[PDB]
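# Commentary on secondary and tertiary structure
Given next are the chains, with one letter for each unit.
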Amino acid sequence: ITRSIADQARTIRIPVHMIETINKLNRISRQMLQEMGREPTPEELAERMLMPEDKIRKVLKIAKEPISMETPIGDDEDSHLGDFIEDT
DNA sequence: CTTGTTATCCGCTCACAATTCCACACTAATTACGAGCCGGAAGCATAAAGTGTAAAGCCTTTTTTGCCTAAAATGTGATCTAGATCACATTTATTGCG
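As summarised from the PDB record, the model derives from cryo-EM at a stated resolution of 19.8 Å.

## Points about the overall build of chain A
A tally of regular secondary structure across chain A gives 2 helices and 0 strands. Against the compact-globule benchmark of 12 Å for 88 residues, chain A has a radius of gyration of 19 Å, which places it well outside the compact range. With the C-alpha coordinates of chain A rotated into their principal frame, the extents come out at 50 × 35 × 30 Å. Within chain A, the proportion of its 88 residues that are buried is 7%. A separation of at least 24 residues holds for 29% of the contacts in chain A among residues at least 6 apart in sequence. A total accessible area of about 8,500 Å² is found for chain A, and carbon and sulfur atoms account for 55% of it. Both charge centroids of chain A, one from 13 positive and one from 18 negative side chains, sit 13 Å from each other.

## Description of the environment of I62
Relative to the helices and strands, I62 resides in helix 2 (residues 55-62). On the basis of relative accessible area, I62 is assigned to the exposed category, the value being 58%. In this structure, the C-alpha to C-alpha distance between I62 and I28, residues 34 residues apart in sequence, is 21 Å. Leave out the neighbours within four places in its chain, and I62 touches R10 and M18.

## Examining the protein's contact with DNA strand B
Lining the immediate surroundings of DNA strand B are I19, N23, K24, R27, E65 and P66. Each atom of DNA strand B within 4 Å of the protein was assigned to sugar, phosphate or base; sugar and phosphate come to 62%.

## Some remarks on a nonpolar patch on the surface
Residues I67, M69, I73, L81, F84 and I85 make up a contiguous nonpolar surface patch of roughly 640 Å² in combined accessible area. Mapping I67 onto the fold places it in the segment after helix 2. Residue class for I67 comes out exposed when judged on its relative accessible area of 58%.

Calculation rules
- Residues numbered from 1 in each chain as written, not as in the entry; some residues may be left out.
- Chains lettered and ligands numbered in written order.
- Part of a larger assembly, values for the part shown.
- Heavy atoms only, no water.
- Helix = DSSP H or I, 4+ residues; strand = E, 2+ residues; numbered from the N terminus.
- Rg over C-alpha atoms; globule rule 2.2 N^0.38 Å.
- Buried < 20%, exposed > 50% of the residue type's maximum accessible area, 1.4 Å probe, protein only.
- Contact = heavy atoms within 4.5 Å.
- Areas by Shrake-Rupley, 256 points an atom, 1.4 Å probe, with all protein chains shown as cover.
- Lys, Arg positive; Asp, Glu negative; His and termini not counted.
- Charge placed at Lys NZ, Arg CZ, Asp CG, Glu CD.
- Near = heavy atom within 4 Å.
- Patch = residues over 30% accessible without salt bridge, like charges linked within 9 Å, V, L, I, M, F, W, Y side chains within 5 Å.
- Salt bridge = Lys/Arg side-chain N within 4 Å of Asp/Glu carboxyl O.

The following block contains the structure:
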C-alpha cells in the first residue's frame with residue numbers, strides 16, 4: 001500500500017524525492033524554533049543542505065495540487081475558472 | 001370462516017432552483033529517514049562533409065561631377081511712333097408703344 005500511493009497519488013505523475021524533500025526541511029524548521037525561538041533564515045540551512053538558496057525557491061512552485069477548473073468564482077452560475085482564460 | 005383483489009397510506013428514491021447589468025474588497029491542511037543505485041545531460045572538445053556566410057579582389061556598367069567653348073541668347077539707354085489707362089459726363093442707337 002506504500003508502493004501504489006508512492007507515485008500514482010496525484011492526478012498528475014509526481015517524482016519520489018520531490019515529496020520526500022518537503023518533510024525533510026520540516027523536521028528541522030521547528031528544531032531551531034524550539035531552541036532559539038527565531039525563524040531559520042535561508043543562510044544557515046544553506047551550509048547543511050545541498051541546495052543554494054535561489055533554485056530552492058522555484059522548487060516549492062512545483063509542489064501544488066494545483067487547481068481544478070470547474071470551480072465557482074463570483075457569479076456562481078455560469079462563471080468558471082477555465083472560462084476566463086483568453087485563447088492565443 | 002378464509003380468501004382474494006383493491007384502496008389508502010406511508011416512507012422512500014427519485015427528479016429537479018428562471019427578474020435583469022455592473023462596481024469595490026478578500027482567500028488553503030496532510031504519509032519516518034538514510035544508504036545505495038542507475039539515470040540523464042553539464043555542455044566538453046572533437047572532426048568531418050556538407051552547407052550557407054562573410055571579408056573585399058579587379059571588372060563592367062551607371063551616375064554626378066568638372067570641364068571647354070561653338071553657337072545662340074541677352075542688356076546698354078535715349079528717341080520715337082503706334083499703343084495703352086483711368087473716372088463717370090454726356091450722347092448715342094436698340095428693339096416697340098401708342
